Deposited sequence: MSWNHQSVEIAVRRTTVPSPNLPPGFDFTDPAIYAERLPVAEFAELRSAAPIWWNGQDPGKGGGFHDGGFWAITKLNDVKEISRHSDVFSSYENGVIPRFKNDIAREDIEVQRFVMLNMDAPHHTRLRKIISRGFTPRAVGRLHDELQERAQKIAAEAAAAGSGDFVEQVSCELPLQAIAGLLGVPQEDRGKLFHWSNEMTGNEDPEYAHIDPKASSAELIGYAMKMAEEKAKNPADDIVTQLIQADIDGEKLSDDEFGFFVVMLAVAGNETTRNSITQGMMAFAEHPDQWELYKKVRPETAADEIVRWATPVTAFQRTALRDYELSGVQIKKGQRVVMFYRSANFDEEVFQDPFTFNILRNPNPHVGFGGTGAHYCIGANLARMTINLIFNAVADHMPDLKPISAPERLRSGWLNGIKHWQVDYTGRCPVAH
């Protein structure tokens, strides 16, 4: 492929500035499965020499379905940490369901599904609709500001608070922890320590479990979460369901600003297809990885036991063989077989319907209260090699 020597698709230096869209396109054309070498000390906490870059939608789906071969446990699924991270600090992440394999995963997912029934999620609708309307009304009243802080941040957090039934008075500290929980190497957040925050959040969760959806999770059925498993569950929600949905909202609104005919159409009909096009466009999770438990032949490439494969959802969601005009933002996109929520399989995002609800509610409220919003200046991108994040974005709400 035509790429610079030493190029690394997980390099946080790239994501601080841009998405490497041209480079992913080059792989899909010239080398759709490509060994991405990493030199010593430059592997984002991994010291195995590199990973297979997976750029095609059908390959990502194949990996995701074959969790019997492609493990989330052996190396976790986050493909990029600070270069100096201790191995122990990666391995401790195996205590969240996301980074477990069957049968352990199977048991926890079965229990935790009690929190994501369409009944549990559907019950949040009216409180989240109310919140979304008030958020959008207060942003409009401010006239201008940081869209991320004023519009994108709060509703995901309130969706988590509401699912868990957190008392109103505790939501401030919960949101504080939650916002320091996902690791990044951004200089704006160099003072944050996800370790301290995670200990404190687990402590708060376990006390909540002691004092008692939380009920359904900790009451025996005799399967239940232990108090510590409930703590780990709450940490996982903070990493899985916060900045993900937030970045879908920011990048969805960036796409509307860049595609005004789509925003006009959205404002009229609020179509059913919008939320998934927003998620495909935004691809909040750029990439998650797996580790081969045995040799496996994938589209003619001989993947070897113990090797990492990185599923670039950001490539796969723009796969020209699957999506007509993939670089066109189309809120009526159909079909839309995107992998923003992952490939179908054991680990497929359990919060996907909650995320869609959150997106629809906030975008309805934005259309209602700020139909003429326009950007003032450029989005500020997060320095992360796996999260596709916007830290700030100044906009004129009127």
Deposited positions lacking CA coordinates:
1 to 19, 232 to 238, 248 to 249, 427 to 433
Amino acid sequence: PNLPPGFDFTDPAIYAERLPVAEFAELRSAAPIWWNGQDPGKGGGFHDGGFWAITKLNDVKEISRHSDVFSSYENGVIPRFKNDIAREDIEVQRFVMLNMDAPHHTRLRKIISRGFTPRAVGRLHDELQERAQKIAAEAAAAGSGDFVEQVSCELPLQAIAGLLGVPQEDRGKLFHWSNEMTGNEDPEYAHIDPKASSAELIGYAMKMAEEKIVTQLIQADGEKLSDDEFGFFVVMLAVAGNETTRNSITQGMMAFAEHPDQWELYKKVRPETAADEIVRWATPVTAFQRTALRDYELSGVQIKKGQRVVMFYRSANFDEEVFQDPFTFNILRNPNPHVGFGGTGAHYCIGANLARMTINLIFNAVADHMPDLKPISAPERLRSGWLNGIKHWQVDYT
From here on, numbers count along this sequence of modelled residues.
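Here the rigid core means the biggest group of C-alpha atoms that line up within 1.5 Å when the two forms are laid on top of each other.
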Rigid core fitted first, then name the stretch among 335 to 343 and 368 to 376 whose C-alphas deviate most from the displayed form in 8 other deposited structures of this protein.
335 to 343
Comparing against the shown form in 8 other deposited structures of this protein, which stretch has the larger RMS C-alpha deviation after a rigid core superposition, 97 to 105 or 272 to 280?
272 to 280
Greater mean Cα temperature factor according to the PDB record, 299 to 307 or 167 to 175
167 to 175
Please compare 17 to 25 with 371 to 379 and say which has the higher mean C-alpha temperature factor in the record.
371 to 379
In terms of CA temperature factor as recorded, identify the highest of 276, 221, 101, 146.
221
Looking at 186, 210, 74, 243, which has the highest CA B-factor as recorded?
210
B-factor third for the C-alpha atom of residue 90 within its chain
middle
Residue 335, C-alpha B-factor rank within chain (lowest, middle or highest third)
highest
Considering only modelled residues of the same chain, in which third does the CA B-factor of residue 328 rank: lowest, middle or highest?
highest
Place residue 289 in the lowest, middle or highest third of its chain's C-alpha B-factors, as listed in the PDB entry.
lowest
Residue 282: CA B-factor among chain residues, third -> lowest
